[PDB]
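Peer 1: I'd like to ask you about the structure that follows.
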């Protein structure tokens, strides 16, 4: 089932961002988000994962950090920029 | 009843902080609190003493200074730091 280990990933930035996100590393994950091709979807996935993990967090500091992921803010700001630029390509990006 | 005058105090910082606190010297007392071994208990004792003395204060300026002792704030901030650090040793410190 698993792919070839010697074969490079089709979406390297996606996997790196997802990996960095699963472990509450936000600075490294933000950097990976800044390099990925599809950023609105990545930010929404990140905020979903963070708000799902906030419930599973044990330490209070980690839970607080996860509750302040501000990944939805990244998607909102980037889409505001996109909508201000084109407002016609923004709809296509959404759908 | 009194101990030996030539015998050094078992808790020097505690006595110095308590002494400096009984006379509304806050800067000297804050310095003594910063050097004492047990700081949360010392801060709570200080805020208790200050809110007890605020009633006995004669001058309005001294009463105002005592009402703004912010010693409870010291305990809260230090315990927030402790809870952020360990969150398991914090409970033992509390109890």
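Cβ atoms come from the backbone with ideal geometry, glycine included; neighbour counts cover every protein chain shown. All of the numbers you see were taken from the coordinates with simple rules; none came from a lab.
Peer 1: Place the label 7 angstrom along Cα→C-beta at residue B:23 and in each other copy, then list the distances from the first to the rest in nm, shortest first.
Peer 2: 5.7
Peer 1: What would the Debye formula give as log10 I(q)/I(0) at q = 0.16, 0.20, 0.27, 0.30 Å⁻¹ for the alpha-carbon point model of the stretch B:30-86, no solvent?
Peer 2: -0.52, -0.73, -1.03, -1.14
Peer 1: Kindly put A:80, B:92 in sequence by how many other C-beta atoms sit within 10 Å of each C-beta, fewest to most.
Peer 2: B:92, A:80
Peer 1: Ordered shortest first, which distances in nm separate the 7 Å Cα→C-beta label point of residue A:93 from those of the other copies?
Peer 2: Reported distances to equivalent positions: 4.6 nm.
Peer 1: Let me have the 222 nm mean residue ellipticity of chain B computed from DSSP H runs of 4+ only, each contributing -39500 (n - 2.57), with the sum over all residues rounded to the nearest 500.
Peer 2: Per the formula, -22000 deg cm²/dmol.
Peer 1: What's the exposure ranking of B:83, A:31, going from fewest to most Cβ atoms within 10 Å?
Peer 2: A:31, B:83
Peer 1: Next question, about the same structure. Normalising by the residue count of chain B, find the relative contact order in percent from Cα pairs under 8 Å and 6+ residues apart.
Peer 2: 21 percent
Peer 1: How far apart, in nanometres, would the label points at residue B:91 and residue B:51 be if each is projected 7 angstrom from Cα along the Cα-to-Cβ direction?
Peer 2: Rounded to a tenth, the inter-label distance reads 2.7 nm.
Peer 1: Could you estimate the translational diffusion coefficient of the protein assembly as shown from the Stokes-Einstein equation, with Rh from the Kirkwood formula over C-alpha pairs, at 10 °C and 1.306 mPa s, in whole µm²/s?
Peer 2: Result for D is 72 µm²/s.
Peer 1: Fewest first, what order do B:21, A:49 take by the number of other Cβ atoms within 10 Å?
Peer 2: Lowest to highest Cβ neighbour count: A:49, B:21.
Peer 1: Based on the alpha-carbon gyration tensor of the stretch A:1-49, what equivalent-ellipsoid semi-axes (square roots of 5 times the eigenvalues) come out, in whole Å, largest first?
Peer 2: Three semi-axes, in Å: 20, 12, 10.
Peer 1: Over all distinct alpha-carbon pairs, what is the Kirkwood Rh of chain A in angstrom?
Peer 2: Result for chain A stands at 14.5 Å.
Peer 1: Note the distances from residue A:62 to each other copy's matching label point, with points 7 Å along the Cα-to-beta-carbon direction, in nm, sorted shortest first.
Peer 2: 5.3
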